[PDB]
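Comments concern the structure below.
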């Protein structure tokens, strides 16, 4: 289960980072995602580069929109996470942040840090509700994007 969650987030993050670039998806990363049924990765960097919370969330008040990246960095710095070179609100970075949290969760499951385990899962849920899900609800329709949308949606249900 946790197995699991972390593998999917890391993979999804790497894929989007490749598409930004316009790297090809190692057929190993293909393999992981295609295990969930057949989908295609036929998206161009021109689109992908713009898949950022502050671009995609249309209802976003402009005053927030011009400080949203700074808001994202705050959440990251609080959890001892640090971005790649991409904008902090880029789907690839947000997805990467989640896999950090989920992988730290494994360690905590392995040890029996119950109290820290709850706190970490609460942080994951707060991040999804506030940032990642609003981002994914707003993706255009496409097989890979739909996959991310469903995955994040069910993960939010799971974490509650």
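Things to note:
- Members of segment 26-50 that are in a loop (DSSP other than H, G, I, E, B) and surrounded by 18 or more Cβ atoms within 10 Å (Cβ to Cβ): 43
- Taking first residues from segment 41-57 that are in contact (Cβ under 8 Å) with a residue 40 or more places away in the chain and partners that are surrounded by fewer than 17 Cβ atoms within 10 Å (Cβ to Cβ) and part of a helix (DSSP H, G or I), the Cβ contacts under 7 Å between residues at least 6 apart in sequence or on separate chains come to 53/134; 57/134.
- One residue alone among 142, 92, 96 is touching a helix residue (DSSP H, G or I) at 6+ places or on another chain (Cβ under 6 Å), more than 24 Å from residue 160 (Cβ to Cβ) and surrounded by 14 or more Cβ atoms within 10 Å (Cβ to Cβ), and that residue is 92.
- Residue list for segment 51-64, restricted to those being exposed (fewer than 10 other Cβ atoms within 10 Å of the Cβ) and assigned to a helix (DSSP H, G or I): 62, 63
- Sole residue being more than 15 Å from the chain's Cα centre (by Cα) and either closer than 23 Å to residue 145 by Cβ or surrounded by fewer than 16 Cβ atoms within 10 Å (Cβ to Cβ) (or both), chosen from 110, 124, 82: 110
- Criterion (outside any helix (DSSP H, G or I) and touching a residue at least 12 places away in the same chain (Cβ under 8 Å)) met by exactly one of 127, 81: 81
- None of 102, 67, 136, 71 is more than 24 Å from residue 23 (Cα to Cα) and touching a residue at least 40 places away in the same chain (Cβ under 8 Å) except 102.
Note that we place each Cβ from the backbone using ideal geometry, even for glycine, and neighbour counts take in every protein chain shown. Each reported figure results from applying straightforward, stated rules to the coordinates on display, with no laboratory input.
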